[PDB]
Amino acid sequence: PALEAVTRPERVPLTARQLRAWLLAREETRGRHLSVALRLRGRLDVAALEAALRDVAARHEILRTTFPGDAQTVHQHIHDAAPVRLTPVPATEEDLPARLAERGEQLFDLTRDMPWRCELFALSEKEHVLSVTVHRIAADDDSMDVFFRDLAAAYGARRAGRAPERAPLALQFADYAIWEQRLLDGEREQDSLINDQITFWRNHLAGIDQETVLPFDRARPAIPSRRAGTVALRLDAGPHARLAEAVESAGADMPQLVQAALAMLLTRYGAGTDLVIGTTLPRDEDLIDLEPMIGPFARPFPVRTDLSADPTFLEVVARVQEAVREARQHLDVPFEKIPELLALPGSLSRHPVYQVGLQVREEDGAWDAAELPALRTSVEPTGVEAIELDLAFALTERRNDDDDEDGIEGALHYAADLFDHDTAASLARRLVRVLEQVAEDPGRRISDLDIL
């Protein structure tokens, strides 16, 4: 199929990713949102900011899309651009974090409400904080970089009393959802290229456990709350540099090495030797028309590795690099479509296929705050987002000016329902310890690790 602008059906279908997010949005449970904030210092044209925010929504149809009504009938209802009304909420530097939190925790009704929400807080005459919250059914992390980039372009125009004269998107997200459906309609043909990828995942993930055996402090509740805790994590530049020497030794990238070390740690925690560590791959770099778009293009990526026969670190890296290599050429099948193809039972309180996630970025990267003209703009810290997994490592590979190894920073996000802080703090602590031990000696086996 061709990724093309297509004549719309009477009912624009959801993607497998959107559909899953829609079923989860149906409680005490926290909402899976993207909550960000900008600190704006200088003269703020609130009237221009309102129009700019509406301009971004008018540019991306997904920002003005509701999803009625039930699971057998849910479709993408695309409305015309809705107005944006900002009335500055007076705030102090003390109560501001509580205000940013509340507006981030507020749930969306995806049948009636737009998938995004924003507020403007006033600290002083020339200092404001713009809060922006977008539901995961409408955007990923890369989409936020696009959001502010388009916000900046729009605000720069509205500030001068002008409307943004820009080239319209070649594709709306409705087009992508249609394209995905005509792709997954290849299961009808016996010798289709997509049936090859389905039988792969059917074979690759056959026999995986329902859960990953983790050091739970409490049993998994029937209904999850998605309350997330956060433990800071950092591998210092020293050990990071020596670990990068093993990168050349094995011939595999750094995220695969951390993944290898993480896997070895889990086995020592008594998770068995048949692990599945998942990650989220960004949108396809080759598809250029998806670059300036806002949407949940990010794809979950389950990788299964064997840790039997007490392997060395170099060996685990090897097994990981092979599993990733083969699985990467079968990405046209959405992860959210997999549990149906594996005939998995599925749960509302557990993430399918895998429960442990790992993210290692090269910072080359995260979403950057886009410059608003005549304004000093910077990212304002927000609360920890809701967690769908049990454990979720979000790490970043840091570099210095000499472009040498300068440490691996990040944090472990954990489900507070299942783990205590000290339980997760030890997990984050011991991941670094393993990373330090295998850096000094990549020949260390699982039994050689110093874990308590």
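Just so you know, the sequence shown maps onto residues 4 to 29, 32 to 369, 371 to 458 in the authors' numbering. All C-beta atoms, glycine included, are put in the ideal place defined by N, C-alpha and C.
Three-state class that DSSP yields for residue i in the structure shown
i	result
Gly-212	coil
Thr-284	strand
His-133	strand
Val-94	strand
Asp-279	strand
residue 505	This structure does not reach residue 505, given that the chain is present from 4 up to 458, and the question cannot be answered.
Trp-373	coil
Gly-191	coil
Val-390	coil
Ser-197	coil
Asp-180	helix
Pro-102	helix
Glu-442	helix
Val-15	coil
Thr-10	coil
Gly-109	helix
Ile-457	coil
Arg-154	helix
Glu-170	coil
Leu-115	coil
Cut-off 7 Å between Cβ atoms - residues of its own chain near residue i, not counting five sequence neighbours on either side
i	result
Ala-323	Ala-255
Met-149	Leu-39, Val-41 and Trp-373
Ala-400	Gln-364, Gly-416, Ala-417 and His-419
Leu-248	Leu-262, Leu-441 and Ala-445
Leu-349	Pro-357
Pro-305	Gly-283, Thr-285 and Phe-340
Close-in-space but distant-in-sequence residues of the same chain around residue i (CB under 6 Å, 5 per side omitted)
i	result
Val-361	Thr-217, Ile-282 and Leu-397
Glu-185	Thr-18
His-335	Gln-202 and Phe-205
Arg-451	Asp-315 and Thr-317
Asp-241	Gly-413
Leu-319	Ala-255 and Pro-448
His-356	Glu-394 and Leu-395
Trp-121	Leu-68 and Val-139
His-245	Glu-411, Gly-413 and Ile-414
Per DSSP, cross-strand counterpart(s) of residue i
i	result
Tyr-420	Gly-234 and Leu-397
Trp-121	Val-139
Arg-382	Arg-46
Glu-403	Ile-414
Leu-39	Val-139
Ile-83	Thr-70
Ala-62	Paired residues: none, contrary to the question.
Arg-451	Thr-317
Chain E contact for residue i (CB, 8 Å cutoff)
i	result
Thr-317	You won't find chain E in this structure, because it holds only one protein chain.
Same chain only: Cβ atoms within 8 Å of residue i, ignoring 5 sequence neighbours per side
i	result
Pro-226	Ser-354 and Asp-423
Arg-69	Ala-62, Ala-63, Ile-83, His-84, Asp-85, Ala-86, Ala-87 and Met-119
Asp-100	none
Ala-182	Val-15, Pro-16, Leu-17, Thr-18, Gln-21 and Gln-81
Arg-141	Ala-24, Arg-37, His-38, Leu-39 and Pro-301
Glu-192	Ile-199, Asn-200 and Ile-203
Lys-131	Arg-46, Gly-47, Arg-48 and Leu-49
Selected residue, minimal CA-CA separation from residue i, among the options
i	options	result
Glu-33	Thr-204, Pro-229, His-65 and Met-149	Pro-229
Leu-156	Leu-240, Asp-374 and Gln-186	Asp-374
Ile-293	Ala-162, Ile-343, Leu-176 and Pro-260	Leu-176
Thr-138	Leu-43, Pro-173, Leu-189 and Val-79	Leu-43
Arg-223	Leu-441, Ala-430, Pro-93 and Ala-445	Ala-430
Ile-67	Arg-104, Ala-144, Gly-47 and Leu-27	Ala-144
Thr-278	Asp-315, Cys-123, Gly-389 and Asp-289	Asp-315
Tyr-160	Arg-232, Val-51 and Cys-123	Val-51
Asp-75	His-427, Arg-23, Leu-240 and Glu-411	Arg-23
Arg-309	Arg-288, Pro-339, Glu-386 and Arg-207	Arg-207
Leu-312	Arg-122, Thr-272, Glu-250 and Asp-410	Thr-272
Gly-234	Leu-433, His-427, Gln-264 and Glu-13	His-427
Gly-109	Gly-389, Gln-443, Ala-158 and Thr-402	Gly-389
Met-269	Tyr-359, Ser-197 and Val-325	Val-325
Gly-275	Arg-304, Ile-457, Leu-49 and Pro-93	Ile-457
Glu-377	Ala-158, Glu-55 and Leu-105	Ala-158
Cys-123	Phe-152, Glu-98, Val-252 and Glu-130	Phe-152
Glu-331	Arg-117, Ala-56 and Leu-210	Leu-210
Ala-8	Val-321, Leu-174 and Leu-45	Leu-174
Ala-179	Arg-232, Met-298, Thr-92 and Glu-290	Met-298
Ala-172	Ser-352, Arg-104, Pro-102 and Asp-60	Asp-60
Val-321	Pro-344, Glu-368 and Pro-260	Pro-260
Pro-73	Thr-116, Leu-91, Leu-105 and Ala-103	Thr-116
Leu-54	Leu-26, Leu-135 and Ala-5	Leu-135
Heavy atom of the ligand COA within 7 Å of residue i beta-carbon
i	result
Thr-383	The model depicted lacks the ligand COA and carries no ligand whatsoever.
At what residue ranges does the region 210-274 contain a whole run of the alpha helix (DSSP H), taking only runs of 4 or more? 242-255 and 259-273
Ranges of the alpha helix (DSSP H) found wholly within the region 295-366, counting only runs of at least 4: 318-332 and 343-346
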